[PDB]
Structure formats: C-alpha cells, structure tokens
Amino acid sequence: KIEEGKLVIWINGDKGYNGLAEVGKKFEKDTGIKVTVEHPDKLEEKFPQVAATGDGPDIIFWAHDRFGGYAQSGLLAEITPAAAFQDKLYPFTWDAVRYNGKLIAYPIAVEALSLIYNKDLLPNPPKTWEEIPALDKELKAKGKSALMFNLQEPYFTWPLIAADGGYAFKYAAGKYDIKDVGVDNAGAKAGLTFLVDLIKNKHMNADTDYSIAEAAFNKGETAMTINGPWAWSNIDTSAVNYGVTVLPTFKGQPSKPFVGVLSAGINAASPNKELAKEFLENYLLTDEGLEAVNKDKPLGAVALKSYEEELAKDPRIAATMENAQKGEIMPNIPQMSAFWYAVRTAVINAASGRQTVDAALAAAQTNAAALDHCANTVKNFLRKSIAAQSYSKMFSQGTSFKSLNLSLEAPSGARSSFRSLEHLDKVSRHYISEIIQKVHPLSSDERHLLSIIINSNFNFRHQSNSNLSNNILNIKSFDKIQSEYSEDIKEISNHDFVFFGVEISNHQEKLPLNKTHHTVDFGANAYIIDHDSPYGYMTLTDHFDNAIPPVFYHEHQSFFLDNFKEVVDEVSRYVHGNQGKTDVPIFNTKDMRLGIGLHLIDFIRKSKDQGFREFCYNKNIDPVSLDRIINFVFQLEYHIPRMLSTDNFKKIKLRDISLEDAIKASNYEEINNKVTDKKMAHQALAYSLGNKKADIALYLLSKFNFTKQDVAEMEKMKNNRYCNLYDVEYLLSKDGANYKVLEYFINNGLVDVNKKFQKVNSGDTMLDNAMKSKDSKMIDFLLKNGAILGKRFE
Amino acid sequence: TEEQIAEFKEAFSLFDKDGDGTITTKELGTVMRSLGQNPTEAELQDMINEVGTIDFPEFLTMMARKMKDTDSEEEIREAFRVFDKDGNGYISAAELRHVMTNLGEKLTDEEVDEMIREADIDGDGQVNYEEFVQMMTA
Ligand SMILES: OC[C@H]1O[C@H](O[C@H]2[C@H](O)[C@@H](O)[C@@H](O)O[C@@H]2CO)[C@H](O)[C@@H](O)[C@@H]1O
Ligand SMILES: NC(=O)c1cccnc1
C-alpha cells in the first residue's frame, strides 16, 4: 500500500508545508528520492484510520498529544536516534515524544498560544480577562471589538478554562490518572462561564472560528486575537502593527495554555523507515531545514538548540515560551483524544446556549473520565455479591450438604464473601470430574452427541399464573417474596433462587416445547429467556426430588410409548452421584452442558433399548428430537440467584387462567377481569376460602356487598368444588388462615355462629372445626360471639 | 499464566479419540466451549493458522489467551471512589442509584434497587463501599 522508494509526508494546513517541500526537494537532489508533502483536512483523524489498514503517509506531523494513542494502536515505528543526534535537541522535547519508555517521534518545535494585539488600536494590552468587556465597549464606539479567536476548537479556550483550576488529567503515582479529570471542577466552570458571559454580552460571537478570527484581526477589525506562532506570517503580510505577549490572567491567575510539541512520527507500515530517518535527522532537523520551514510559517521555539539560540532572542518567541511556562505540556496518553472531543462539545454547546456551563462540563467530565467503565465495575461487583448471598444461604443452611462433604460454614460477617461462589465452582468441579471418570473412554457416537450438546443454546422457561411482566419481566425468589420455613425447604435451602425449566432453543417450532416440570404445569404464563446467567446453577432433576417418574406421567408420553421399548422401563430412576440417592449433581453455568452431556451418555450407554440408542446417536438429530430426549431422560432445572429482572424476554399465554388459578396466584388482573357480577363473586369467594387466600377474600368482600342471601346462594354452587362438598361456615372455620374472613362474616351478620353444617361433618358447628385445628384464637372468637358449647339431642 | 487448575486434561481426554495427547482442529472450539470459552470464528481460524491436530501443550496456551482476569479488590475500590463526592468512603443510596441508572450498561430499576439494598448493610441509606468491598474477599 505504502510505496517504497519515496516519502509521503502529512502536515497540517496551518504549518509551513511549502518550506517543508523545499527540504524535500533538497533530499531528492541528494538522493533521487522524491518527497511529497500533503496537508489533508482532519489529518489527525485520517491518519489513524488509514494507518490501521497499513496505508497512509510515511511521515505524519502533529502536536505530540495525539502520538501516544497512535503508538498504542501500533501505528508508529520506534525511532532510533543515537547519542550525538539526541544531544542536538532540548531534553524536554524528547520527553514529549516518549511513550511507555520508547521514543515514538522526532520533536520539531514547541507551540504555545499567546495574546496577539494590534499596537495601533491598543498600545497597552489588558493584563486581565476581567477588563476585556470594558475595552470592548470602548472599541465598539467605533464599531470595532476587543478580542476574536477560534471558538470551535477547545485548544484556544483551554488556557482560560485552566486558569482558575481546570485540568485534564491529574499526575499522580508516576502517571496521569485517567480517572482524575478536572473538566467540571470549580475553576473550569468559572473560566467557561466567563467565556459564555463574553458571548452573552455580545463581546464575542459563538460562531467565530479560525478563519473568521484571523481575517478580523488581520484587517484591523478587532484589537486582539489568541493564536500560535504559525499565524504570525499572515499577520506580517497584513498591514497590522502587532505585538505578542502574555495571555491575560483570570481571577488573578495566569492563563495556562496546553503546550504542544509539533512532532514527526514514522508510520509502522512504511517500507521507507531508513529514508525517513535520514530525511528527518539529516535534512529537516538541521539549521537549514528548520529555517526553510520557519521562513514559510514560524514553527515557534524549535527543538534544535543551535537554531533556537537565535530564535529565542525574538520577543515573540520569548512570549511564546513565557506562556508555555505558565501552561503545561500536554499528556500524550491515548485518553487525550476522547478528552479533546469531550471538551470541544462542551465549549460549543455552552457557547451556543444549547447547554448550561454546568451541564456541558458535567457531560464532558463523564466522557473524558470514561465513567461508564467504573459504573460497570460497580454493577458487576454488586451483582456478584447478590449471587454470593444466594449461594451461601444454600450451601450453609442446606442439611443435604451437611450429610455430604459439601457444607459451608455460616458467613463470618453480616454477609457472605465470594467464597460461596468459589464453593459453587468447586462443587461443580467435583460432579464434573466424577462423571468424567465414569465414562472416560468415550465412543464416537457418544463424543458426537456430547459435542452436539456443548454447542446447543438453551431457552429457560418459568411458568406462573401470576402476572410477572409488563415491559419488564420481574420474577422473585421464594425467599424474596416471603421476606416482603418447613424442613423440606430446609433440606436444600435453594429458596432464594428463581427456578426454570430448560429447552433446546435452536429451532423454529412454537414456544415453549414443554409445559410441565416433574409433571407439574406451573401456569398459563410461560416466560422464556434465551441466554445463560453468569451465576446460575443447573441440576438434572428437581433439586429436592431427584426422581424421574414412569413414562405415563411424562408430558409427551405417547411419543416414547410409540417409538421405543426397553427404555420405557429404564428411565424412571433416581438421578444422583456416588454418595447415594441424595447426592444431587450440581453444575455451575460454565459446566452445565458438559455435565448434562456426560450424564446423558451414561444413561444411553446403560440402555438395552437399541432403538433408543440409535435415536440418540443419530448424527443429524434435530434440536426438537434432542430436547425430547433430554426432557425424557432428565427434568433439567436451572436456578438464577435472588431474582430475574429484564426487558429481554418472551411471554407466551398457553391458555386462559382459570378463576381458581387466578385466585391461588393472587393475580388481581385476572380476578378483576373475571369477577364482574355477584355470581362470579360467589364462586371467587368460595375459591378464596378453599385455598385459604384470606387477602383475596377480603378484597372481594370490599368490592361487593355480600349479604346473607349471597351465602345461601353460595351453598347451592354444586359446580364449585369447595361449596359442592362443604358448608360456607365449614370453609370459614376449617383452617385458621381464614380467621380474618370469619371475623368479617361474623361481624357483618352474614353467618349464624351456630349454623349446623349440612354437608361434610353435618351437625357440627364452626366451633367444632376450631377445636379440631386447636386454633385458640378462633375458638375464643367464636365463644365470645355466642357459640354454643356442647351438643344435645336436637 | 495458569496452574493448579491445569485447565482440564480431563475435558481434553473426552475428545482425544486415539489417546495420543492430541485433538483435531475442527473440534477445538467445542472443547473450549465445554470449559466456558466463546472464541469467534475469526479467532478460531487464526489460532488454527498457527498449526490438522493440536496437542495438550498448545491447547493450554490457547485457553490462556481468552482467559480474562478477575477484577481486583483495589480496582473495585477505585471504581467506587470515583463516585465518592466526600472521600469519606460512603456513597448515598440516591447517588449510587443515579450512578448505576445513568452510567454504564442499562439495568432495570429493580436490579439497581436490589444492588443498593444489598450494599446498604446498615440500612442507613448510605453504602460504606470500603467495608463492603473488603468483606466480599474471602
Ligand atoms: O482543539 C483540540 C486540539 O488542540 C490541539 O490542536 C492544535 C495543534 O496543537 C496546533 O498545532 C494547531 O494546529 O492548532 C490545533 C488546534 O486547532 C491538539 O494538538 C489536538 O490534538 C486537539 O484535537
Ligand atoms: N415455575 C416453573 O416453571 C418451574 C420450573 C422449574 C422448576 N420449578 C418451577
């Protein structure tokens, strides 16, 4: 791409590219090697684009701040000047082109902004920014202005932003701290507010750019401008009698220009690195070469000691260096580009009125410091901490782990450390190694099937009769729901997990494939996510009940009873490890697919059903058949710590939710949709009492005005499974969970406390039920409200 | 840059068809997917460009490339400190909520509130991130 035997040089259009071309023509006269000098627009953006593809110029010129980024991307050759050459340039200039200890460019000249002023209009230039409004007012009497300079590039406004305390990156612990940015501190806000006020008060115009300010100063329309040494040549060509001097102070502090070292880098893709070194060291960085460039457009304070000794006698150069000494050499770290972009936007928005200074600089701060990275670090850490809490609860409260060698001591502090998570990994490790040792000599068909499983994605399905989603899907763990336990729940203590069935996903069939988990349909709303969770864990069965049932219980029983034989009498079994029936294998998300595949291989290998084996070892088994097999041999159960909250899901309505299922799930949406008149309320109240949904019962009673006659009607509901069998008063009194409903019915005169049951336990009263349950509170309530004690003959 | 784990020769042995300490190139990705790695097709083909069969020596070096480093306790602390306006070591629940809601990857409000509740071990509306970060290290 870059052609050998010539040198292409890129340099900004505001520099002396014709004088550089003369240096190139001398190089050609000595060597026969042509030098082409170009000045493309947006050079500092075009160079990394074309150079990343191995194209671009042999030599790129820019201020040094851009070069570390280039060096980090691999675009620059390391330069190799020896002691003699390095001694010809000022030491601080070499420091500007050092990146990660290596020299990545030749320094050319030091650039700093100065105040340039028209001596005929303004014989004594202002010492302070603060006096510029009054100077402008004086000059406006003759239609002239005090100051114009480029407001489109933040380089020119930075000296003022920095004057009272703004900074780019603080230097600390031997480097620029990329997370200590001073773009939105008090000093930066004060400087930019001063600029914005100059514009608001019509002393400057937000649209002024480089060309406009230059034309105005060089035609005598404005008394002052802010620019670098490269601009002096055009001022010389104009009539204007000008001076170059220290930038004005702000709040009594010097303006602090960011100082650039114009530098020449060699493209890492160049086949002309030796020619480029010869040109730069022995033609350009000489008295004659720099003089030709400088005569075209002044370079500033050149890096070459021998020429700078004379250039520094120039008061304009002395003033450049005085401003530089008040400022700061720019960092060359890769973060500079983003910094400049951020500040550019802030200046332009604040100058325009599109944003306030505070808002513009706040946004620039967040961009320049890259606070997204830190916010992500915080979020990831807190997610990991939540997961560790769930896993410590499981491993430290679950008695099954104590029966095995897998318990965790309760956490030392007020929360679990990440050890629980590490424990998980080790646990999964255990169950992986074991199963590997059981099937290590793997056959070709077994390896092919394991590979098919490894490369499969999963749908994770959670069914419910609750309304768990709107735009956001929110599923809460059992422990989280109640916090807003029986010994069976204590056996595993995974009740701070959300539970999912598992399906193969790479198919175009209607979702979900399966609607039951261990024969239970958990509800009409099937919520499906299609991606793993980093802290989930998988079991091959329900964790507490690891028994696969006979085939006539399975959801797709006819497929297996039709197509297979011996496997029908093998699949019903306990799925467990070496330590016995309660040795439930546990896999983390990393190890899931391997462990599933290996356990499937083991089952298939132990099978006498050759048709089944051949069905599984079909090299072109489609994912639906694969899911059939996995959901037959196993009841995979995936667990996600604490909660699932996401906008990335599918909801599939499998069927209507029945009234009783809605009542049982406290699905107020379905309940309100269904219970619109008094007969539906009769049904819904009976269902609430039968399922001990006291809150639902009280809601219904608040929405409808129940009467004695309503209770009489409820007694006639043979189509309701509860009132078909039981009296209303029986339902009110059978379980203490309905106490508050009973109270309601008694206090509002809806039931007779002494009504004798006419259905199950006929002749009894509510007091009989209360005494049977040993519900002291209900017993006492009934007796306080006139219950009869004892039973006489009629 | 790895040891003790030895990745898994175990896993390796599952795809060693002949037991010659080598596996085929076409299976490489699969063997890395069995261990929790997701290299692109381009990176797969570029690491195949280096060598078709691959042995366990070369297999270990390839997984070390893709293996990423856990964030350190110091890095977590610094990520918290950049949002600490007072430097006291505390971030208010409102400040942490603004941060985690408006910076970085989008989460639900529910997940953000759960993270805040989990981090606020005293229930005082403030999060002592230095204590909380030191506590999470075993
Ligand atoms: O405005 C941001 C810009 O500032 C500097 O660019 C200067 C450059 O140093 C000078 O040589 C001269 O050409 O004016 C430029 C401002 O327009 C940074 O060097 C540059 O990276 C940055 O984007
Ligand atoms: N709610 C469910 O669908 C479910 C899935 C797997 C295990 N337990 C419950």
Side-chain angles (χ1 to χ4, degrees), chain A residues 11-16 39 41-45 47-48 61-70 96 108-113 149-159 161 168 209-211 213 226-231 257-263 297 299-300 329-348 459-466 468 475-478 494-495 497-503 512 514-528 538-539 541-545 631 634-640 644 654 665:
Chain A
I11 186 176
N12 207 33
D14 57 5
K15 315 301 181 182
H39 45 83
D41 297 305
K42 293 188 169 176
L43 171 180
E44 81 283 23
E45 297 180 355
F47 174 77
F61 282 74
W62 194 262
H64 72 284
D65 63 297
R66 297 259 159 195
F67 277 68
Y70 301 163
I108 308 299
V110 177
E111 296 172 353
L113 293 169
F149 70 94
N150 186 3
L151 301 186
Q152 311 313 307
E153 281 297 338
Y155 181 75
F156 295 85
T157 290
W158 187 255
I161 291 177
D209 64 8
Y210 190 94
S211 182
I226 293 175
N227 221 328
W230 54 84
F258 249 154
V259 177
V261 176
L262 178 70
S263 304
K297 292 291 180 62
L299 281 160
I329 299 295
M330 287 185 282
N332 65 4
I333 59 177
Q335 291 75 17
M336 281 301 289
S337 183
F339 158 83
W340 280 124
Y341 191 91
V343 176
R344 179 184 227 266
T345 298
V347 173
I348 286 181
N459 283 332
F460 301 99
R461 163 196 12 107
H462 175 104
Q463 284 162 250
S464 175
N465 289 315
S466 298
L468 301 180
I475 317 182
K476 306 173 185 175
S477 76
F478 183 79
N494 64 0
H495 48 298
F497 288 86
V498 178
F499 288 67
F500 299 83
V502 185
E503 306 187 356
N514 311 311
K515 306 177 183 186
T516 67
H517 199 267
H518 281 266
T519 78
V520 178
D521 181 319
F522 283 98
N525 298 330
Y527 303 100
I528 304 193
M538 179 80 82
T539 48
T541 63
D542 182 277
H543 198 160
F544 176 72
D545 175 39
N631 187 62
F634 300 122
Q635 287 288 267
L636 296 189
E637 190 174 83
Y638 192 58
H639 317 84
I640 289 181
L644 177 62
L654 302 177

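Computation of the quantities below employed the complete heavy-atom set of this structure, encompassing side-chain atoms and omitting hydrogens, waters and symmetry-equivalent molecules. Just so you know, ligand 1 is whichever comes first in the structure, and atom 1 is the first atom listed for that ligand. In what follows, chains are A, B, ... by sequence order, proteins preceding strands, each numbered from 1.
Counting the atoms of ligand 1 from 1 in the order shown, those under 4.0 Å from a heavy atom of A/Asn12 are 13 (O). Each of the following atoms of ligand 2 lies closer than 4.0 Å to a heavy atom of A/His462: 1 (N), 3 (O). Every atom of ligand 1 is numbered from 1 in the order shown, and the set under 4.0 Å from a heavy atom of A/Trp230 is 10 (C), 12 (C). Here is the list of ligand 1 atoms found below 4.0 Å of a heavy atom in A/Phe156: 16 (C), 17 (O). Near A/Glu111, with a cut-off below 4.0 Å to any heavy atom, the atoms of ligand 1 are 9 (O), 10 (C), 11 (O). Close approach to A/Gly501 involves these atoms of ligand 2, each under 4.0 Å from a residue heavy atom: 5 (C), 6 (C). When each atom of ligand 1 is checked for a heavy atom of A/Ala63 under 4.0 Å away, the hits are 9 (O), 19 (O).
The proximity of A/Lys15 to ligand 1, defined as any non-hydrogen pair under 4.0 Å, is limited to the side chain. With a 4.0 Å cut-off on non-hydrogen atoms, A/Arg66 touches ligand 1 through its side chain and not its backbone.
Of the protein's non-hydrogen atoms, the one nearest atom 8 (N) of ligand 2 is A/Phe499 CB, 3.6 Å. Nearest protein neighbour of atom 9 (C) of ligand 2, counting heavy atoms only, is A/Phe522 CE1, 3.3 Å. Remark: minimum distance from atom 13 (O) of ligand 1 to any protein heavy atom is reached at A/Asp14 OD2, 2.8 Å. At the shortest separation from atom 7 (C) of ligand 2 among protein heavy atoms lies A/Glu637 OE2, 3.3 Å. Looking only at protein heavy atoms, the nearest one to atom 19 (O) of ligand 1 is A/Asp65 OD1, 2.6 Å. Closest to atom 3 (O) of ligand 2 among all protein heavy atoms lies A/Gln463 N, 3.0 Å. The nearest protein atom to atom 1 (O) of ligand 1, hydrogens excluded, is given as A/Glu153 OE1, 2.6 Å; this is a heavy-atom distance.
Looking at ligand 2, you won't find any N or O of A/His517 less than 3.5 Å from one of its N or O atoms.
Closest to atom 5 (C) of ligand 1 by heavy atom, among A/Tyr155, A/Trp62, A/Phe67, is A/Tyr155.
Ring geometry for A/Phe500 versus A/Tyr638: interplanar angle of 30 to 60°, hence tilted.
There is no side-chain donor-acceptor pair under 3.5 Å between A/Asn150 and A/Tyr155. Side-chain contact annotation: A/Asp542 with A/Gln635, donor-acceptor N/O pair under 3.5 Å absent. Between the side chains of A/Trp340 and A/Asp65, a donor-acceptor pair is found at a separation under 3.5 Å.
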Can A/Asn631 and A/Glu503 be said to form a side chain to side chain donor-acceptor pair (under 3.5 Å), step by step? CA-CA 8 Å; A/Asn631 187 62; A/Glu503 306 187 356; over 6 Å; no
If you apply the rule side-chain contact (heavy atoms from CB on, under 4.5 Å), what do you find for A/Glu637 with A/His518, and how did you get there? CA-CA 10 Å; A/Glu637 190 174 83; A/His518 281 266; 5.6 Å; no
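Classification of A/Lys15 and A/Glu111 as a salt-bridged pair holds, one side-chain N sitting under 4.0 Å from a carboxylate O.
When atom types are taken as modelled, the side chain of A/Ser464 and the backbone of A/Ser466 share a donor-acceptor pair closer than 3.5 angstrom. For the pair A/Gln463 (side chain) and A/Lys515 (backbone), a donor-acceptor distance under 3.5 Å is present. Without hydrogens or angle criteria, A/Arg461 side chain to A/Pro512 main chain gives no donor-acceptor distance under 3.5 Å. Between the side chain of A/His64 and the backbone N or O of A/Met330, at least one donor-acceptor pair lies under 3.5 Å. For A/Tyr70 (side chain) and A/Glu44 (main-chain N/O), a donor-acceptor pair under 3.5 Å exists by modelled atom type.
Heavy-atom distances between A/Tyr341 and ligand 1 stay at or above 4.0 Å for every pair.
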